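If you want the building blocks of each chain, they are given just below.
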Amino acid sequence: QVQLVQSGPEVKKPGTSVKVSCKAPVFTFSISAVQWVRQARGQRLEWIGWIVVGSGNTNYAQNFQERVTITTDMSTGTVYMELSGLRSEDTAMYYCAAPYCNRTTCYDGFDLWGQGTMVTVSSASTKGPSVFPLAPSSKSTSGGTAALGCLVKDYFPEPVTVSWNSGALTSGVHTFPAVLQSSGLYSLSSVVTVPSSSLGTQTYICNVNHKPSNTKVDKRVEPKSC
Amino acid sequence: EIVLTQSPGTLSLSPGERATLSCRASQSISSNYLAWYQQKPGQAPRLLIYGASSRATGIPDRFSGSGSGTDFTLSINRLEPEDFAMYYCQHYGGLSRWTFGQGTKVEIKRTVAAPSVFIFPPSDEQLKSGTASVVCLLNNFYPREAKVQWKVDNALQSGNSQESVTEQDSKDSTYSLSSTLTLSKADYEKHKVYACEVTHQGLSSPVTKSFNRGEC
Amino acid sequence: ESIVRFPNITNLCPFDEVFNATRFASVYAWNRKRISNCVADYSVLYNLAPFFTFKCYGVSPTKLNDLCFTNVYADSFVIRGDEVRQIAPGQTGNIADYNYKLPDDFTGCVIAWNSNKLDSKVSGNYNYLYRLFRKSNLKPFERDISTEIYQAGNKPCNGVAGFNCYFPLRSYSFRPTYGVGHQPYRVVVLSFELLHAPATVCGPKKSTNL
Ligand SMILES: *[C@@H]1O[C@H](CO)[C@@H](O[C@@H]2O[C@H](CO)[C@@H](O)[C@H](O)[C@H]2NC(C)=O)[C@H](O)[C@H]1NC(C)=O
Ligand SMILES: *[C@@H]1O[C@H](CO)[C@@H](O[C@@H]2O[C@H](CO)[C@@H](O)[C@H](O)[C@H]2NC(C)=O)[C@H](O)[C@H]1NC(C)=O
């Protein structure tokens, strides 16, 4: 199908009001309908509302009804959604979901959906991540493998790209999901499983590139001999 | 009010095997104003059901769930990699508020794996920063339901346990977990014995991975 | 010096009876005021209001007086401000596609003037409405009264106002604080159709002295 363009993510202070732009590329909402739905990581699509765009008649889910407003922009065919009284836990994915509307019939059920917008209420100005190693226990390498840890802590915004040996090393590599720990700060963990014989022989570097903070940091995991 | 509860979402199911997703509601609703949506993580769901069965465009007869009044269900006849996703039932009747469903974790039936528990001493660079965190690495465990518990100097804490769960890795189709014991360097010096005891269904006896700051 | 003496003015064709309206009609309907045998007093048109927007589609605006035609079909409607130029034959739009459309061969003229004070009030008069959709595009010169909830899906909602089952009227959002593009004007039109009739509607003629 066609993809509806959606506004870029931002981060704001608590108590603000956010306007998120969702506009169909070549689909004017003449008699069409839409509205937004929200998810946090792994949670329900929390419904927000629905508007008959052609009309303007609204419904506000009686949950955020006092803080959610919608208006359309027929001229450019954009729908809007303002969420006032932004508090902490409103940090979540935003989706604008509409059904296809042929001018004579619409396919019952919203199918043409937006890209997805990230909204963060928590502070603060992008935390360019700080990384530290986690060397495997010397006496724990008896099993033929060692766990060389890679901790990334406290970063903002949304998750940083972490690579092993400039992306060449991918064997026994798993990246760990969002690790919000205290005051909303996001962390993560990375470990590569490697043979014990290759500890000292081959250099093992964490290549962490955080584009939003422009903080490209490299740290080498050297297993302590004990 | 409308409370529509879904099936026991956590579906561990072998490929090709049948599935059934009940969307029992708290009120009687017409059997047309409900649809089912399928979501791969990191992208929005997709339309599956239009009205009654009404298999969606592109989607074959594979998804032909039904139901009426207060009972509504979704049935899966086979399994394909795209089927392993979040399933959502949603009510869209009248000018009334549109009710949504919690979700359903359609996944693959596996063996009962065990978490390979490895603990890690805090790194010297991190100590020089005035902090200390101990990492309890759980890997290749199944099912997802795991309890991670921290005994420090044989004293029990759960509050300062920031855990998360990786999705089933493609190479092995099972979860990996990491718990971090965030604490100030003062707490690092105050405590000598640090450990992580892990209980799992795959673990008849809970495993306790212990390390000492003297050796680690 | 030619004598052009003619009998008296006879009976005024009642137009200002329509234009001097207490309350005009919504585009949802039409006044459709038929004016019968009388003298077509079209001549008196300039004294409506400042900035009377006028433009015709087949008859000379000023020499209209002498051209006697058969009958007149007169109807009126206030419209959303900027939509004035929607009222034109063969020009698609919102109202022109689902409210009222002029056939291409409409020989008549279009009259429009601003309303503002008379229509718009600070409290807001949501009495006037307009169409939102239809099963199909209306044939020209046709009136729709049905208030049937639309069927945008494969299922007839019967009588429930639901998703993809919409109501066909929204009000004229008229607040005086709105812009010139949103200010309600008053657009009327006068049909000058030809038929098989003795052309019982003609403009009057002046006279000389004795
Ligand atoms: C918009 O209206 C309908 C929706 O698809 C289209 O008309 C359908 O055409 C098929 C042709 O086989 C018929 O079977 C359906 O019965 C028609 N729909 C209905 C509701 O009767 C029409 O072609 C679409 N037009 C555009 C411009 O997309
Ligand atoms: C609508 O009403 C106005 C107000 O009475 C009419 O304007 C008057 O017309 C008479 C004769 O045509 C003049 O003597 C007055 O000076 C006019 N008054 C004002 C304030 O303009 C007007 O003719 C009517 N409009 C139409 C076209 O019927």
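Throughout what follows, the structure given in this document is the object of discussion. (Residues numbered from 1 in each chain as written, not as in the entry; some residues may be left out. Chains lettered and ligands numbered in written order. Heavy atoms only, no water.)

A word on the site of ligand 1
Residues and elements named next belong to chain A.
- The immediate surroundings of ligand 1 are formed by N102, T104 and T105.
- Here an oxygen atom of ligand 1 sits 2.3 Å away from a polar atom, N or O, in the side chain of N102.
- Take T104: an N or O atom from its side chain is 2.4 Å from an oxygen atom of ligand 1.
- Notes on ligand 1: free accessible area 590 Å², of which the protein chains cover 20%. (Near = heavy atom within 4 Å. Polar contact = N/O pair within 3.5 Å; in protein donor to acceptor, adjacent residues only side chain to side chain. Areas by Shrake-Rupley, 256 points an atom, 1.4 Å probe, with all protein chains shown as cover.)

A few points about the pairing of strand 21 (residues 215-220) of chain A
Residues and elements named next belong to chain A.
- Of the strand pairs in this sheet, strand 20 (residues 205-210) and strand 21 are connected by 6 bridges, and their pairing is antiparallel. Bridge pairing in strand 21 links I205 to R220.
- Taking the residues that link successive antiparallel strands as the turn, the strand 20-strand 21 hairpin has 4 residues, and the phi of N214 there is positive, at about 55 degrees. (Pairing = 2+ DSSP bridges. Helix = DSSP H or I, 4+ residues; strand = E, 2+ residues; numbered from the N terminus.)

Quick word on the nonpolar core
- If you look at the biggest cluster of nonpolar residues, it comprises 84 residues, and the most contacted ones within it are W36(A), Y94(A), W36(B) and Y87(B).
- In terms of residue count, strand 12 (residues 92-98) of chain A provides more of this core than any other element does, 6 residues in total.
- The residues touching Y94(A), leaving out its near neighbours within four places in the chain, are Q6(A), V18(A), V20(A), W36(A), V37(A), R38(A), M81(A), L83(A), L86(A), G116(A), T117(A) and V119(A).
- Among the nonpolar cores identified, the runner-up in size contains 43 residues, and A21(C), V59(C), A112(C) and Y130(C) belong to it. (Core = buried A, V, L, I, M, F, W, Y, C linked by side-chain atoms within 4.5 Å. Buried < 20%, exposed > 50% of the residue type's maximum accessible area, 1.4 Å probe, protein only. Contact = heavy atoms within 4.5 Å.)

Description of the site of ligand 2
Residue and element names in this part refer to chain C.
- Taken together, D16, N20, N47 and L48 make up all the residues around ligand 2.
- At 2.2 Å from an oxygen atom of ligand 2 is found a side-chain nitrogen or oxygen belonging to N20.
- Residue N47 places a side-chain N or O atom 3.3 Å away from an oxygen atom belonging to ligand 2.
- Protein contact buries 38% of the 580 Å² of open area that ligand 2 shows by itself.

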